[PDB]
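Okay, structure first, notes after.
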Amino acid sequence: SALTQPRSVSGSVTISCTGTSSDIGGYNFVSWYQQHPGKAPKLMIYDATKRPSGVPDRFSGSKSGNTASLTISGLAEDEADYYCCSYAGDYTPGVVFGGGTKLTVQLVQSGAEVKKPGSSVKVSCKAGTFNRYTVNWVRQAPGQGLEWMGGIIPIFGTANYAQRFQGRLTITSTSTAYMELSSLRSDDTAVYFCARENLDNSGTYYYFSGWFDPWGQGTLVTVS
Amino acid sequence: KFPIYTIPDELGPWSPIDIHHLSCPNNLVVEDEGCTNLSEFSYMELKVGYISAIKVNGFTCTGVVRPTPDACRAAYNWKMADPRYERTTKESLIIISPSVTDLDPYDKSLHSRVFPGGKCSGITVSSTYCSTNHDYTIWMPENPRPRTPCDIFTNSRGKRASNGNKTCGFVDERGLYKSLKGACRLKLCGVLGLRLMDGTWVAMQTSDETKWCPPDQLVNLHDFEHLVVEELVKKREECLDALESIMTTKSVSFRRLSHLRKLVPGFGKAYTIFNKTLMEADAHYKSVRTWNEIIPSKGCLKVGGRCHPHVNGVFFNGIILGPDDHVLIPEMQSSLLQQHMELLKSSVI
């Protein structure tokens, strides 16, 4: 068990995300995301209480150290699952997600692909804001939650992969990112998206903090 | 403190030599050199070499008896600049902002220097001052917003050593080896790096096998050789104690041969004698942990993944097949086992 979300909430209605984690020095970056079916999640809250800087309509962001919160303003099109995403600083490398809150009232990828044995699959992700930027890749298994896999800071040429996928993953001038798997073994059959983070100052900057606002989409791979 | 034995991993050509050509075992430890794969790349470092050594430079600023914050920083601009302030007497209470005193980061929460009081706290916009002794003096920054916490790394060029699937240590732009061997893992403002046994911090990916640096990282020493350099004398002398007894009698015994075994893994040489001709062979040695993993069945000697064959019931480094088919290893039958068959031989042209 990583974070906590009510499996579904019915209805102003509110979803919580107990498990706000502040690391050893004092940093906490809960960043929420909403998931419509078959659609990529959009950034709705960053830095606990701040709204996405481009186009935001619902307005709520809360956090009480041991609890983050989200109070919808409207009471029909909101209908979707909702996920949260925070930082973690001692033993874990990236970002975590929720377990589904069925609320009741630009980039490209490589494309659709399939593989028979556990051999390789290679995704592309074409695209420059030029600021501090860390491209990443996330995994959603069929109708379950999100799952960060690894990141890459192209400037320094360094990559952070996660623990369950260490060694099997290999994330790497054309505005182009990539992703490689060393052994597909059917439990990894899922949908794969590319995203990154671009900010300057440490106030809302930790490398791979959860500020995934440039979002890619669309790699559905099948193992056999 | 050495491995109980050193079984070889890859033997090869068996060439004949005489006694006058016998070398004692380089019993020196050699770092992992199998990683010959030199793959160039770009890697992160802490800008200053070491985890311990880093600092946001700073100043002080006095008070009146307490000081005020907005001006104490605006006083830091003038001391560097528009010069607007540049008997026993009475306390003539006003302010002053002396500087040229810095600080260091301590890896959990980073704010420590002589600061009459041990440490302070964090210096984002939550709090814009780090109180120190008394009340008179107050702040200690360089730039008002956290400029150093996340902005103190660098990139560089270099070559990444490796074998096949394990990832090996760095070669630096200074031509030298820095190995991730027995290191530990540290996460620095999001990026997953490793503190080496030297305080130098890298941002290498999670190597296939490491563990987190404990909060034993403050003075960089804590758990922090010599005793080993002693035993090296008193073992590589038995080598020459035996090498003399072989050189001054032209007569080897299987006991004396074992002393020439390279006692630590690495590329050394392996010796044995079939009848009267002494012969040499190169071998990468492998550490042995307990006797049970090399003598499992009657007469067998695990050489990598096989059973090495009895050549007249002698096997290398003085190991012989005895009265029955027990593989009797010299150092192992020195477990209160008295066995006499291994004492007389000779050497010729």
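Quick mapping for you: the protein sequence lines, in order, are chains L and C.
Here the first sequence stands for residues 430 to 653, where the numbers follow this note's numbering.
Here the second sequence stands for residues 673 to 1021, where the numbers follow this note's numbering.
From the three backbone atoms N, C-alpha and C, an ideal C-beta is built for every residue, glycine too.
Next item on the list: Excluding the 5 residues preceding and the 5 following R933(C) in the sequence, name in chain order all residues of the same chain whose CB lies nearer than 7 Å to its CB.
Entry: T678, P697, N989
Checklist line | Bounding residues of the beta strand (DSSP E) (the contiguous stretch that carries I582(L)) | finding: 577-582
Next item on the list: Please classify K907(C): does DSSP put it in a helix, a strand, or coil?
Entry: helix
Next item on the list: Starting from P741(C), trace the alpha helix (DSSP H) both ways and give me its first and last residue.
Entry: 741-752
Notebook entry, point to check: Counting along the chain, where does the alpha helix (DSSP H) carrying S930(C) start and finish?
Noted result: 926-930
Margin query: Please tell me whether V843(C) and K859(C) are closer than 8 Å, where the distance is taken between their beta carbons.
Written below: no
Checklist line | Residues bridged to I689(C) [DSSP beta-bridge criterion] | finding: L950(C)
Checklist line | Amino acids of chain L, ordered along the chain, whose beta-carbon sits closer than 9 Å to that of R817(C) | finding: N630, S631, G632
Check: Whose Cβ in chain L lies nearer than 9 Å to the Cβ of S799(C)?
Finding: None at all; the shortest Cβ gap to chain L is about 11 Å.
Check: Name the DSSP bridge partner or partners of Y957(C)?
Finding: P680(C), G938(C)
Check: Between which two residues does the beta strand (DSSP E) carrying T839(C) extend?
Finding: 839-843
Notebook entry, point to check: Among all the DSSP beta bridges, which residues are the ones paired with residue 1024(C)?
Noted result: This structure leaves residue 1024(C) out entirely; chain C is present only between 673 and 1021.
Margin query: Taking beta-carbon pairs under 9 Å, can you tell me which members of the region 774-786 of chain C lie near chain L?
Written below: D779, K780, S781, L782
Notebook entry, point to check: In angstroms, rounded to a whole number, what distance separates the CA positions of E506(L) and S602(L)?
Noted result: 40 Å
Notebook entry, point to check: What are the residues of the region 430-455 of chain L that lie near chain C, defined by any Cβ-Cβ distance shorter than 9 Å?
Noted result: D452, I453, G454, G455
Checklist line | 6 Å Cβ shell around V702(C) - same chain, five flanking residues per side excluded | finding: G938
Item checked: Coil, strand or helix - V567(L) by DSSP -> strand
Next item on the list: Using only alpha-carbon positions, find the residue among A588(L), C514(L), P470(L) that is nearest to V620(L).
Entry: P470(L)
Notebook entry, point to check: Using a C-beta cutoff of 8 Å, does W884(C) count as contacting chain L?
Noted result: yes
Item checked: Listed by chain order, chain C residues near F585(L) by CB distance under 9 Å -> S714, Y715, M716, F825, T826, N827, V863, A875
Next item on the list: Consider the Cβ of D519(L): report whether some Cβ of chain C lies at a distance smaller than 8 Å.
Entry: yes
Checklist line | Nearest neighbour of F458(L), chosen from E609(L), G490(L), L575(L), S482(L) [CA to CA] | finding: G490(L)
Notebook entry, point to check: In terms of alpha-carbon separation, which member of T804(C), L866(C), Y757(C), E712(C) lies closest to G789(C)?
Noted result: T804(C)
Check: What does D880(C) reach in chain L if we use C-beta pairs closer than 9 Å?
Finding: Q595, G596
Next item on the list: For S638(L), return the contacting residues in chain D, with the cut-off set at a CB-CB distance below 7 Å.
Entry: The structure shown contains no chain D; its protein chains are L and C.
Check: What did DSSP end up calling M919(C) once you bin it into helix, strand or coil?
Finding: helix
Item checked: Minimum C-alpha distance to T962(C) - residue among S1007(C), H693(C), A953(C) -> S1007(C)
Check: Around the Cβ of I474(L), are there at least 16 other Cβ atoms within 10 angstroms (buried) or fewer (exposed)?
Finding: buried
Note to self: Which residue wins for smallest C-alpha separation from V786(C), given the options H693(C), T732(C), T760(C), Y722(C)?
What the structure shows: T732(C)
Item checked: Endpoints, beta strand (DSSP E) assigned at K531(L) -> 531-533
Notebook entry, point to check: What's the gap between the Cα of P481(L) and the Cα of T708(C)?
Noted result: 49 Å
Checklist line | Short-range partners of chain C found in the region 522-538 of chain L, where Cβ spacing is below 7 Å | finding: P522
Notebook entry, point to check: When DSSP builds the beta bridges, which residues end up paired with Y722(C)?
Noted result: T872(C)
Notebook entry, point to check: For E1003(C) versus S930(C), is the C-beta distance shorter than 8 Å?
Noted result: yes
Checklist line | 8 Å Cβ cutoff met for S553(L) and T605(L) | finding: yes
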